[PDB]
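Take a look at this single chain in structure tokens; it is the form deposited in one PDB entry.
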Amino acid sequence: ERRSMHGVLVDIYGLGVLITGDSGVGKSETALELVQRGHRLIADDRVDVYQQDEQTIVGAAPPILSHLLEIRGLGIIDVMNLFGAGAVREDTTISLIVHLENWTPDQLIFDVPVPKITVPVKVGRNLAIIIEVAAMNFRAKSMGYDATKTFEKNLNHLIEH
């Protein structure tokens, strides 16, 4: 079977990232900068997921929404038109989700245990780049590169200075 979720599904560095968060927070706008930044859009506002394996989930946009993105202030926008074929992608695996929230103090998952992170929304923060970094990073670990390793490496430096 399949299901539907809110949020926009972009493709960053070939990494399926599903941006989620209470309406108005800035998911469509952020996905627009990401697309403008060379990344691929799959689904905006509403996403149709269809689990492929027991560890791999796929998402896509409902037929009507294809190649489209709404943005409070300009309304519906065809990214294919404005940016060319490299701004859209039919389907993709959701390898990570980013929940855009707001403010408080501070390795989650979701609907079929999928890597998830939550970033706060506040003045002076480019969500587009933070999501770009979030992806680069997630990808970096998969290869073994971790902040912890570098951190353990720095610690030696002192001990053995």
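Between two forms, the rigid core is the largest collection of C-alphas that superpose within 1.5 Å. Residue numbers run from 1 along the displayed sequence.
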Exercise for review: Scan the PDB entry between residue 106 and residue 107 and report the missing deposited residues as one of none, 1 to 3, 4 to 9, 10 or more.
Suggested key: 10 or more
Review point. On average, are the C-alpha B-factors higher in 59 to 67 or in 111 to 119?
Key: 111 to 119
Check your understanding: Can you tell me which stretch has the higher mean Cα B-factor, 19 to 27 or 135 to 143?
Key -> 19 to 27
Check your understanding: Split the chain's modelled residues into thirds by Cα B-factor; is residue 90 in the lowest, middle or highest one?
Key -> middle
Point to revise | residue 73 - Cα temperature factor, lowest/middle/highest third of chain | key: middle
Review point. Should residue 47 be placed in the lowest, middle or highest third of its chain by the C-alpha B factor in the entry?
Key: middle
Check your understanding: Going by the entry, which third of its chain does the Cα temperature factor of residue 97 land in?
Key -> middle
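Here the subject shifts to the form deposited in another entry, a form of this protein not shown in this document.
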Check your understanding: Is residue 22 among the residues whose Cα moves by 2 Å or more between this form and the one not shown after superposition of the rigid core?
Key -> no
Check your understanding: Quick one: core overlaid, is residue 149 moving 2 Å or more at the Cα between this form and the one not shown?
Key -> yes
